[PDB]
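A.B. asks: My questions all concern the structure below.
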Amino acid sequence: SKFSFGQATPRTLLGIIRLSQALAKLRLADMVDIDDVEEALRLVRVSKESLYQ
Amino acid sequence: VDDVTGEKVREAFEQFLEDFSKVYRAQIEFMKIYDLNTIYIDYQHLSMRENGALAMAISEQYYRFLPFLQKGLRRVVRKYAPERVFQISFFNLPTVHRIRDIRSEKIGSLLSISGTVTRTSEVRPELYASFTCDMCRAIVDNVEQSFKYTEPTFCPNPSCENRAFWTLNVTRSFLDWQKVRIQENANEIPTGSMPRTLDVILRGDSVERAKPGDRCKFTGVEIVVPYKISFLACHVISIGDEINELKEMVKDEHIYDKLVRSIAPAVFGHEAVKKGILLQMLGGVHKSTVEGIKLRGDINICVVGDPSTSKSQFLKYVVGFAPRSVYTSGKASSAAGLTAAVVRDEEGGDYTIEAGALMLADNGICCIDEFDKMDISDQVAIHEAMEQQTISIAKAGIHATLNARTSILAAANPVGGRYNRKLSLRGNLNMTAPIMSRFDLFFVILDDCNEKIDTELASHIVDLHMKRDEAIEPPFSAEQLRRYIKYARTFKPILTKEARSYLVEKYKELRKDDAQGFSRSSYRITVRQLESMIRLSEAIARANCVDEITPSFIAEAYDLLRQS
Amino acid sequence: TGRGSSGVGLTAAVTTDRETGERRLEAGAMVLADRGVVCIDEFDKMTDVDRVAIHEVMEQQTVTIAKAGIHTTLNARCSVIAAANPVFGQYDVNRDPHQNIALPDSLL
Amino acid sequence: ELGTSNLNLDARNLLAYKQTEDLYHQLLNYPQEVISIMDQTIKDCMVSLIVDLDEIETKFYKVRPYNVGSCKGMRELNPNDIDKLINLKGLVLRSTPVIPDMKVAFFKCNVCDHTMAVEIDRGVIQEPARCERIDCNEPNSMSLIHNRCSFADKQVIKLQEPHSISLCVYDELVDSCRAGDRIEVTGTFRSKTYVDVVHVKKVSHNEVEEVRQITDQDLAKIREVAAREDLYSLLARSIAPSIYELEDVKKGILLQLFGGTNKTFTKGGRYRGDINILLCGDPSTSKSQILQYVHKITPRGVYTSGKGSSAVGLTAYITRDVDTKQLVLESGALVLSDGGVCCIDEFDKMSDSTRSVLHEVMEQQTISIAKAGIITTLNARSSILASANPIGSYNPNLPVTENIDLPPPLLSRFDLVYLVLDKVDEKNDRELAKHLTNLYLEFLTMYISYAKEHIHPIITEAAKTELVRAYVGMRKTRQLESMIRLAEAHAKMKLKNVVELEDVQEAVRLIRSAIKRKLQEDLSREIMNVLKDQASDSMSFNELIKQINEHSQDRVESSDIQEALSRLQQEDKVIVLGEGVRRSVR
Amino acid sequence: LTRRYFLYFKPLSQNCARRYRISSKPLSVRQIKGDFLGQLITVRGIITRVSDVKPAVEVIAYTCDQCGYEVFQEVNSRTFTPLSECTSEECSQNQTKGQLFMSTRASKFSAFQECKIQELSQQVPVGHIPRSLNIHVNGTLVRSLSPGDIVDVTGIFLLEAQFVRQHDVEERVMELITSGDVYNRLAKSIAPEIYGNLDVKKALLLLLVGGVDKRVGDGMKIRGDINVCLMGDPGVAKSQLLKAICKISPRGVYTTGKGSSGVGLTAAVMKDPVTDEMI
């Protein structure tokens with residue numbers, strides 16, 4: 001619709017995986033927890049949430 | 001070593017020209033009034049003296065013996081006759097050499113080069129030129145012309161500070177010079193090789209006799225250009241059990257029925273299209289007049305219908321079988337792309353006109369695939385080329401017109417692809433009326449589901465898909481068909497009075513169908529369809545090899561026109 | 001004048017030599033005045049090369065030149081006074097105030 | 001007796017001989033001296049055989065050694081290998097015109113009628129300032145004439161060995177080597193570096209390797225793996241294990257690189273087993289992956305892309321060489337890839353002027369250039385692999401022939417199309433994400449090269465009946481020509497020499513699974529209406545939108561309206577214009 | 001003339017320099033001082049311009065048919081002249097001075113290659129630009145220099161290279177960790193001269209940290225990188241965040257839209273002013 005833009009791609013899923021790996025790398029951990037994916041999805045949704053303002 | 005041999009060969013050449021009254025003395029006596037001095041000497045007529053040894057010694061040292069030959073010619077015309085330029089041309093060599101057999105062992109010798117002209121240049125004034133010095137009023141007249149044309153080695157007054165440099169003049173001196181492009185012929189190209197082209201220079205009055213887009217044969221001298229190996233021509237010409245098979249093939253009665261199924265053995269069905277393609281190849285008389293103008297004596301064939309048919313297969317056959325056949329894709333063409341393209345200021349020199357697809361392969365079939373996706377400019381150029389037989393090119397100040405006689409094989413498609421029966425040919429073909437005209441025959445092909453011939457067509461398609469089957473086997477090969485086409489081409493038949501008296505009633509019978517029409521009728525009938533059936537009459541007379549046509553063979557052409 | 005500079009602009013002119021050392025430089029107009037003011041009339045006739053140069057020396061006040069032998073930068077803390085004219089020749093209040101300047105938004 | 005002065009010598013025979021092992025180890029480092037003394041010894045042993053002498057006393061004979069071992073091209077040619085014999089195997093791409101070289105020099109004087117002939121001494125001409133002192137003295141009166149000088153043939157030839165080496169041929173070997181052939185060549189490596197050819201091999205009981213060498217145990221493994229039933233899917237799974245199934249698409253690219261059968265006539269006919277494929281549908285899937293993977297499989301192919309490859313870049317062209325200051329006939333991308341595949345992405349964004357050359361290579365497989373300097377038809381034997389995108393951004397409410405924005409007869413001439421649409425749902429994309437994270441949790445080319453060069457399958461008449469009916473289902477000739485090449489490629493894999501009846505069944509399933517109105521109708525309907533009610537005058541954009549949302553129902557959004565309108569007009573299903581002005585189609 | 005081998009050198013490391021208690025220090029091209037022309041130097045830097053391998057002669061061999069004594073002359077400069085006059089030991093005591101010819105086989109050549117070393121990004125001073133320097137290599141080292149890398153070149157300075165190679169702190173990382181909320185502190189620490197936008201610059205923090213490059217080990221490599229767009233209206237600062245990211249991160253290069261950008265994003269060709277070749 002009117003406020004829409006693009007669609008979900010597998011490269012965005014790979015970028016979400018890469019951002020979760022970067023968040024786990026910033027915490028200096030050997031494993032990826034549940035806290036990184038929920039931060040990355042919040043990041044990619046608030047990256048487009050400013051259009052409603 | 002040739003300084004004492006040149007006077008002896010000059011004496012031998014003038015003895016050859018003096019002792020024969022050969023036709024050379026009357027040729028000089030004829031040109032005495034016109035003073036052109038562009039003589040023609042046959043090499044076959046020169047090959048009999050000194051048991052051919054005079055011809056073999058001149059034949060390798062031609063550039064080293066050429067001023068002695070022109071001095072001997074000058075002395076014999078100075079003694080037999082009272083602004084002086086000379087041109088000696090040699091012709092009719094017994095061996096025809098290709099462009100791929102040129103080596104460096106024939107540098108400076110004479111050679112016969114045959115091929116096709118690709119491009120032509122403008123005529124230019126060549127120098128051949130007084131030189132002034134900037135220190136005094138000295139002048140010179142002994143000029144060199146090939147190379148080193150700026151530095152003469154002598155002055156009449158040796159008292160000078162610099163004896164080397166001089167200054168040229170454009171006042172006291174200068175004729176036509178041309179540079180054309182010759183290329184390898186299509187029948188003698190090696191397998192996988194490229195048709196290598198070369199530039200040939202030409203002087204004297206041998207210029208503007210070579211038409212662009214024709215097979216030509218030159219005779220000249222191999223001269224190197226800084227290096228590159230160019231050529232200099234002096235003569236121009238527009239060239240381009242067997243009878244036991246031909247006399248056996250003209251005495252039977254079922255030849256035409258095998259000819260209509262042997263002109264395209266790879267196509268199943270479509271006898272009318274094969275009839276028009278077979279009668280397209282050979283035409284009739286073009287000079288049938290008393291006024292003095294040539295007429296359109298050729299056959300124009302255009303194929304239309306739904307896509308995915310076998311109508312392009314004929315297109316792929318003509319070009320693989322007819323030697324005088326040029327094929328174009330239509331979309332990869334233009335007005336200059338089809339007739340004559342021009343280069344625009346490339347490599348330092350001026351403009352050069354390259355020959356396109358049109359005016360090539362005269363009295364042959366030019367086949368254009370996808371005729372309706374072309375532009376308006378090339379289609380009105382085709383209409384200008386069909387309205388008059390000659391074609392005119394006006395570019396860069398020069399105007400040049402030339403003779404052209406080609407038959408158009410136009411493959412077209414509708415605006416929607418599928419051919420609908422409910423309307424005329426004009427609204428479905430989508431092209432204007434003057435370019436729709438001057439077309440002798442239209443072939444409409446419609447397809448549907450008719451299993452009895454469809455299963456045979458699909459079986460022929462799958463039986464063709466194997467290594468060289470006999471499923472597309474004709475009753476006789478193309479080996480006698482090529483000489484039969486040539487023998488029927490040189491026939492020139494003459495129509496009769498009974499055929500004309502039946503033809504006027506047949507034209508009245510064909511025009512009677514226009515009355516209460518719009519059922520079994522789709523186009524108008526005027527003088528053009530009458531001209532089409534008149535041109536098909538001599539084509540069927542040539543195909544049946546009869547000198548005087550009977551109206552029964554024109555009845556099949558009437559039925560062919562009724563079938564369309 | 002804003003148009004007519006022999007070099008590449010009013011900074012970093014032509015570099016050539018004929019003596020023993022085959023390298024020589026040249027100073028422009030903006031590199032001479034280091035604390036004063038410079039005035040450019042006919043701003044719309046000034047080309048893009050000097051526009052890229054004043055895009056860089058506006059709020060940074062330094063000019064960097066990457067030559068074959070010279071790879072240094074220098075201070076350009078000066079103040080510019082530009083005078084321009086429209087491309088239409090005349091201007092009134094009823095016309096829009098953005099397209100009449102005929103300059104980019106970065107220069108505004 | 002026939003006059004052939006050339007002698008072809010095999011060096012391997014000099015290698016295995018008991019007495020000449022010291023000669024083979026002497027000619028590899030110094031060929032220029034041994035060829036010059038071999039010319040004297042061959043004439044001496046020939047006159048010893050004679051003891052016809054009136055012509056062999058002045059005749060010269062040479063030796064062309066070619067039987068030497070292989071080398072690693074120009075990469076192994078180190079500077080210790082200068083002036084040594086070397087052999088290169090490859091293909092030539094460009095043949096320059098013949099240049100002349102001076103053998104003797106002519107010297108014409110301006111005075112005293114004395115001409116002087118001198119010879120070349122390996123590159124330098126001794127110009128005499130003196131003027132033959134028995135005759136009169138002159139300090140600088142001397143000229144040079146080019147037309148009386150004797151010349152020899154020379155030619156520089158471009159060779160693709162990937163590197164491009166400039167080799168140079170001389171007299172009696174000119175016009176024997178030209179672009180288009182697999183040529184073994186041998187000569188002396190010189191120094192910019194070049195190779196001075198002593199022999200060429202235009203043709204090919206020996207162990208000269210032709211194809212990629214296989215053994216008997218590998219052939220037994222190929223025969224044992226070719227007898228299984230699931231090989232038809234095994235290969236389609238082993239061609240790309242990093243991505244998903246794509247059965248029809250992977251099976252098509254597998255049999256596309258299998259090729260088929262290329263049969264010809266003696267003089268005027270040729271046919272190649274080939275399929276030109278096109279891909280269209282939903283984006284962001286493995287398309288580019290494939291477009292790269294195949295470039296990593298074939299040994300010949302170019303990655304041409306969008307508007308960056310025009311008509312001067314696709315086919316051959318002419319330019320200027322900076323290394324020799326001459327004209328260079330540079331090879332084009334369609335003739336650089338003569339054999340193998342060629343990958344094109346963004347087919348819809350490509351121009352219409354360069355579509356005419358691919359219109360000939362669809363089934364004609366030829367390039368016919370008729371321009372300034374060149375009138376040449378040439379081979380275009382490669383197969384295209386093109387990835388395209390639809391109009392907009394997929395729409396199942398629109399037909400397939402209008403959604404991808406292309407002409408229909410050129411697409412009818414396409415051998416294979418591929419609907420690679422996603423149509424996202426459950427249980428298919430979950431496995432997709434699981435397989436992409438499963439690697440985040442922690443023989444084929446030999447068989448293909450053996451099958452492509454060892455099997456020539458024939459299409460018998462026994463598979464006639466099932467083909468006719470497979471054609472009429474699409475008819476209720478390009479499809480028939482595509483399916484016979486598809487059936488012979490089905491016969492190409494699984495080691496078969498005769499085609500079978502079951503093999504076309506799957507082929508057709510292939511082309512039936514590879515391809516699997518209200519709006520515009522109402523649209524036109526209304527257009528017609530407002531035309532009628534306009535006394536045929538134009539329908540307005542506004543009134544259009546108005547009645548079209550007005551009759552409300554199926555919700556025609558003015559944007560959608562704009563789109564379909566655009567479609568019909570562009571379809572010339574409509575003819576209209578203006579900014580905020582709408583005109584009814586005519 | 002009979003040199004079968006090629007002689008090269010390599011310096012000592014710092015580990016052998018601290019042991020037994022300089023000669024091999026990592027030198028900049030701004031740290032050359034002029035007076036180091038003739039010392040062995042180890043320079044660190046990126047390589048942008050490389051040339052093709054070409055055979056350069058060292059000694060020219062001339063052969064004669066009159067005497068047989070082949071002579072050899074030694075060249076040192078870029079150019080030379082042909083010695084057409086015979087300087088043999090037999091033609092000095094003779095009236096005849098017969099022609100000499102050259103041999104491309106007995107002459108000793110060398111695989112010569114020129115390269116342009118550039119100054120490192122964080123080693124250049126404030127405001128200065130990374131100027132270049134020329135390195136002339138010969139012999140077997142000719143294929144050890146592939147462009148697009150960081151190298152340490154040890155050689156004499158006329159640059160004739162001899163050997164090439166390629167690639168307190170714990171308290172500084174533990175005091176940054178122990179303060180608590182490491183991610184938000186490192187987010188709000190970079191670029192504090194702007195207002196807010198912790199999310200955009202938080203993703204810029206994840207952008208410059210990069211991520212993990214994944215290799216399947218079967219001939220397929222995927223990206224382990226992020227690419228961030230900043231689409232905005234004017235009024236908020238955009239070049240400041242970009243400049244702070246390029247100033248904090250190493251090897252950050254500021255680009256532009258128009259200008260020489262068409263040749264500033266690809267490799268073009270030009271004529272060298274020091275020699276007759278295209279680079």
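Naming works like this for the structure tokens: A, B, ... for the chains as they're shown, residue 1 at the start of each chain, ligands 1 onward in shown order.
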Hey, could you make a per-residue contact list for chain D against chain B with 7 Å as the cut-off, showing the nearest pair of atoms and its distance in Å to one decimal, counting only C-alpha atoms, sorted by chain and number, as CSV?

C.D. replies:
```
residue,atom,partner,partner_atom,distance
D:98,CA,B:228,CA,6.8
D:99,CA,B:227,CA,5.3
D:100,CA,B:227,CA,6.1
D:151,CA,B:104,CA,6.6
D:152,CA,B:104,CA,6.1
D:153,CA,B:104,CA,6.1
D:178,CA,B:193,CA,7.0
D:180,CA,B:192,CA,6.3
D:263,CA,B:467,CA,6.7
D:265,CA,B:468,CA,6.8
D:268,CA,B:320,CA,6.6
D:356,CA,B:332,CA,6.0
D:372,CA,B:354,CA,6.6
D:376,CA,B:194,CA,6.6
D:409,CA,B:307,CA,6.9
D:458,CA,B:466,CA,6.0
D:459,CA,B:466,CA,5.9
D:461,CA,B:463,CA,6.1
D:464,CA,B:459,CA,5.9
D:468,CA,B:458,CA,5.3
D:477,CA,B:308,CA,5.2
D:478,CA,B:308,CA,6.4
```

A.B. asks: Please save N, CA, C and O atoms of the selected residues as a PDB file, in the first residue's frame.

C.D. replies:
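Saved to part.pdb:
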```
ATOM      1  N   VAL D  98      49.574  -8.579 -44.130  1.00  0.00           N
ATOM      2  CA  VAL D  98      50.980  -8.896 -44.349  1.00  0.00           C
ATOM      3  C   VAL D  98      51.873  -7.672 -44.486  1.00  0.00           C
ATOM      4  O   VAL D  98      51.642  -6.817 -45.350  1.00  0.00           O
ATOM      5  N   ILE D  99      52.894  -7.586 -43.647  1.00  0.00           N
ATOM      6  CA  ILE D  99      53.849  -6.484 -43.683  1.00  0.00           C
ATOM      7  C   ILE D  99      55.113  -6.944 -44.404  1.00  0.00           C
ATOM      8  O   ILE D  99      55.490  -8.123 -44.321  1.00  0.00           O
ATOM      9  N   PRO D 100      55.769  -6.064 -45.165  1.00  0.00           N
ATOM     10  CA  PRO D 100      56.983  -6.476 -45.874  1.00  0.00           C
ATOM     11  C   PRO D 100      58.248  -6.166 -45.086  1.00  0.00           C
ATOM     12  O   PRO D 100      58.316  -5.188 -44.337  1.00  0.00           O
ATOM     13  N   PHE D 151      61.367  -7.650 -50.910  1.00  0.00           N
ATOM     14  CA  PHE D 151      60.701  -7.882 -49.647  1.00  0.00           C
ATOM     15  C   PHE D 151      60.277  -9.312 -49.366  1.00  0.00           C
ATOM     16  O   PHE D 151      60.126 -10.124 -50.285  1.00  0.00           O
ATOM     17  N   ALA D 152      60.095  -9.589 -48.086  1.00  0.00           N
ATOM     18  CA  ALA D 152      59.647 -10.880 -47.610  1.00  0.00           C
ATOM     19  C   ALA D 152      58.429 -10.676 -46.722  1.00  0.00           C
ATOM     20  O   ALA D 152      58.270  -9.630 -46.085  1.00  0.00           O
ATOM     21  N   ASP D 153      57.571 -11.682 -46.695  1.00  0.00           N
ATOM     22  CA  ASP D 153      56.343 -11.629 -45.917  1.00  0.00           C
ATOM     23  C   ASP D 153      56.541 -11.760 -44.416  1.00  0.00           C
ATOM     24  O   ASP D 153      57.396 -12.526 -43.960  1.00  0.00           O
ATOM     25  N   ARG D 178      44.889 -18.976 -39.341  1.00  0.00           N
ATOM     26  CA  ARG D 178      43.922 -17.904 -39.169  1.00  0.00           C
ATOM     27  C   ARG D 178      42.931 -18.311 -38.091  1.00  0.00           C
ATOM     28  O   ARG D 178      42.799 -19.497 -37.774  1.00  0.00           O
ATOM     29  N   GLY D 180      39.953 -19.149 -35.588  1.00  0.00           N
ATOM     30  CA  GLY D 180      38.905 -20.140 -35.591  1.00  0.00           C
ATOM     31  C   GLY D 180      39.352 -21.562 -35.326  1.00  0.00           C
ATOM     32  O   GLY D 180      38.493 -22.424 -35.114  1.00  0.00           O
ATOM     33  N   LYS D 263      24.525 -32.161 -35.415  1.00  0.00           N
ATOM     34  CA  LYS D 263      24.761 -32.833 -36.685  1.00  0.00           C
ATOM     35  C   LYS D 263      24.688 -31.910 -37.889  1.00  0.00           C
ATOM     36  O   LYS D 263      23.875 -30.984 -37.928  1.00  0.00           O
ATOM     37  N   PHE D 265      25.405 -31.467 -42.469  1.00  0.00           N
ATOM     38  CA  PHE D 265      25.379 -32.059 -43.793  1.00  0.00           C
ATOM     39  C   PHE D 265      26.780 -31.951 -44.364  1.00  0.00           C
ATOM     40  O   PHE D 265      27.712 -31.555 -43.654  1.00  0.00           O
ATOM     41  N   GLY D 268      25.727 -27.875 -47.432  1.00  0.00           N
ATOM     42  CA  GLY D 268      24.868 -26.776 -47.031  1.00  0.00           C
ATOM     43  C   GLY D 268      23.902 -26.938 -45.882  1.00  0.00           C
ATOM     44  O   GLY D 268      22.774 -26.455 -46.009  1.00  0.00           O
ATOM     45  N   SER D 356      18.409  -7.219 -31.622  1.00  0.00           N
ATOM     46  CA  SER D 356      18.406  -7.758 -32.979  1.00  0.00           C
ATOM     47  C   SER D 356      19.547  -8.733 -33.252  1.00  0.00           C
ATOM     48  O   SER D 356      19.461  -9.546 -34.176  1.00  0.00           O
ATOM     49  N   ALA D 372      31.100  -0.661 -41.933  1.00  0.00           N
ATOM     50  CA  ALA D 372      32.304  -0.033 -42.472  1.00  0.00           C
ATOM     51  C   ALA D 372      33.568  -0.786 -42.097  1.00  0.00           C
ATOM     52  O   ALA D 372      33.982  -0.814 -40.934  1.00  0.00           O
ATOM     53  N   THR D 376      30.967  -9.722 -42.665  1.00  0.00           N
ATOM     54  CA  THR D 376      31.313 -11.080 -42.248  1.00  0.00           C
ATOM     55  C   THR D 376      30.216 -11.777 -41.448  1.00  0.00           C
ATOM     56  O   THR D 376      29.664 -11.205 -40.504  1.00  0.00           O
ATOM     57  N   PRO D 409       6.804 -13.145 -30.490  1.00  0.00           N
ATOM     58  CA  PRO D 409       7.440 -14.165 -31.360  1.00  0.00           C
ATOM     59  C   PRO D 409       8.894 -14.510 -31.056  1.00  0.00           C
ATOM     60  O   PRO D 409       9.333 -15.638 -31.326  1.00  0.00           O
ATOM     61  N   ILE D 458      20.855 -41.062 -31.722  1.00  0.00           N
ATOM     62  CA  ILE D 458      19.948 -40.868 -32.842  1.00  0.00           C
ATOM     63  C   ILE D 458      18.509 -40.846 -32.339  1.00  0.00           C
ATOM     64  O   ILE D 458      18.156 -41.566 -31.400  1.00  0.00           O
ATOM     65  N   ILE D 459      17.687 -39.995 -32.943  1.00  0.00           N
ATOM     66  CA  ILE D 459      16.284 -39.899 -32.567  1.00  0.00           C
ATOM     67  C   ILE D 459      15.513 -40.791 -33.526  1.00  0.00           C
ATOM     68  O   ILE D 459      15.273 -40.418 -34.680  1.00  0.00           O
ATOM     69  N   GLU D 461      12.344 -43.329 -35.092  1.00  0.00           N
ATOM     70  CA  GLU D 461      10.956 -43.080 -35.458  1.00  0.00           C
ATOM     71  C   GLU D 461       9.979 -43.618 -34.425  1.00  0.00           C
ATOM     72  O   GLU D 461       8.809 -43.204 -34.432  1.00  0.00           O
ATOM     73  N   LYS D 464       7.829 -41.307 -32.351  1.00  0.00           N
ATOM     74  CA  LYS D 464       7.071 -40.383 -33.189  1.00  0.00           C
ATOM     75  C   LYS D 464       5.712 -40.043 -32.592  1.00  0.00           C
ATOM     76  O   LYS D 464       5.381 -38.858 -32.440  1.00  0.00           O
ATOM     77  N   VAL D 468       3.938 -36.157 -31.565  1.00  0.00           N
ATOM     78  CA  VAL D 468       2.840 -35.480 -32.247  1.00  0.00           C
ATOM     79  C   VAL D 468       1.846 -34.929 -31.242  1.00  0.00           C
ATOM     80  O   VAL D 468       1.524 -33.729 -31.253  1.00  0.00           O
ATOM     81  N   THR D 477       6.817 -24.412 -34.410  1.00  0.00           N
ATOM     82  CA  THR D 477       7.890 -25.322 -34.788  1.00  0.00           C
ATOM     83  C   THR D 477       9.120 -25.117 -33.923  1.00  0.00           C
ATOM     84  O   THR D 477      10.031 -25.947 -33.929  1.00  0.00           O
ATOM     85  N   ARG D 478       9.144 -24.007 -33.183  1.00  0.00           N
ATOM     86  CA  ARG D 478      10.277 -23.722 -32.312  1.00  0.00           C
ATOM     87  C   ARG D 478      10.189 -24.590 -31.071  1.00  0.00           C
ATOM     88  O   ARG D 478      11.218 -24.988 -30.512  1.00  0.00           O
TER      89      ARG D 478
END
```

A.B. asks: Running DSSP on the backbone, which parts of region 355-474 of chain B land in helix (DSSP H, G or I), as a PyMOL selection string?

C.D. replies: chain B and resi 371-373+377-387+425-429+433-436+451-464

A.B. asks: Please tabulate, as a tab-separated table, the residues of chain A that come within 12 Å of region 231-249 of chain E, each with its closest pair of atoms and the distance in Å to one decimal, counting only C-alpha atoms and ordering rows by chain, then residue number upward.

C.D. replies:
```
residue	atom	partner	partner_atom	distance
A:47	CA	E:231	CA	10.8
A:48	CA	E:231	CA	10.9
A:50	CA	E:232	CA	11.2
A:51	CA	E:232	CA	11.2
```

A.B. asks: Quick one: write out the picked residues with N, CA, C and O atoms as a short mmCIF file (atom, residue, chain, number, x, y, z; two decimals), in the first residue's frame?

C.D. replies:
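Okay, this is what ended up in result_18.cif:
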```cif
data_model
loop_
_atom_site.label_atom_id
_atom_site.label_comp_id
_atom_site.auth_asym_id
_atom_site.auth_seq_id
_atom_site.Cartn_x
_atom_site.Cartn_y
_atom_site.Cartn_z
N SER A 47 14.13 1.46 12.35
CA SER A 47 14.82 2.12 11.26
C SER A 47 13.82 2.66 10.24
O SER A 47 14.11 3.62 9.52
N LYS A 48 12.62 2.07 10.17
CA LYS A 48 11.55 2.51 9.29
C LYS A 48 10.37 3.08 10.07
O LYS A 48 9.45 3.65 9.47
N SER A 50 10.15 5.76 11.83
CA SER A 50 10.10 7.22 11.94
C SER A 50 9.27 7.90 10.86
O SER A 50 9.13 9.13 10.86
N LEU A 51 8.72 7.12 9.92
CA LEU A 51 7.91 7.70 8.86
C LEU A 51 6.52 8.07 9.36
O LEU A 51 5.85 8.92 8.77
#
```

A.B. asks: For the structure I just gave you, how does DSSP split region 3-71 of chain C - specifically, which residues are strand (DSSP E or B)? Reply as JSON, numbers by chain.

C.D. replies: {"C": [37, 38, 39, 40, 41, 62, 63, 64]}

A.B. asks: Using only C-alpha atoms, which protein or nucleic acid residues come within 9 Å of residue 25 (chain A)? Drop anything in the same chain fewer than 5 positions from it, and give the result as a count of residues only.

C.D. replies: 7

A.B. asks: Using only C-alpha atoms, find which residues of chain D lie within 12 Å of chain A and jot them down as a PyMOL selection string.

C.D. replies: chain D and resi 282-286+392-393+422+424+429-430+432-434+436-437+440-442+557+559-560

A.B. asks: Find the residues near residue 5 (chain C): any atom within 10 Å, counting only C-alpha atoms, skip ones fewer than 5 places away on the same chain, and give them as a list in words.

C.D. replies: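 Near neighbours after the sequence-gap exclusion: residues 10, 11, 13, 28 and 29 of chain C.
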
A.B. asks: Excluding same-chain residues fewer than 5 positions from residue 48 (chain C), what lies within 10 Å of it counting only C-alpha atoms, as a PyMOL selection string?

C.D. replies: (chain C and resi 53-55) or (chain E and resi 258-259)

A.B. asks: Of the candidates E:197, E:189, E:275, E:162, which shows the shortest atom-to-atom distance to chain A, using only C-alpha atoms?

C.D. replies: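 Of E:197, E:189, E:275, E:162, the one nearest chain A, counting only C-alpha atoms, is E:197.
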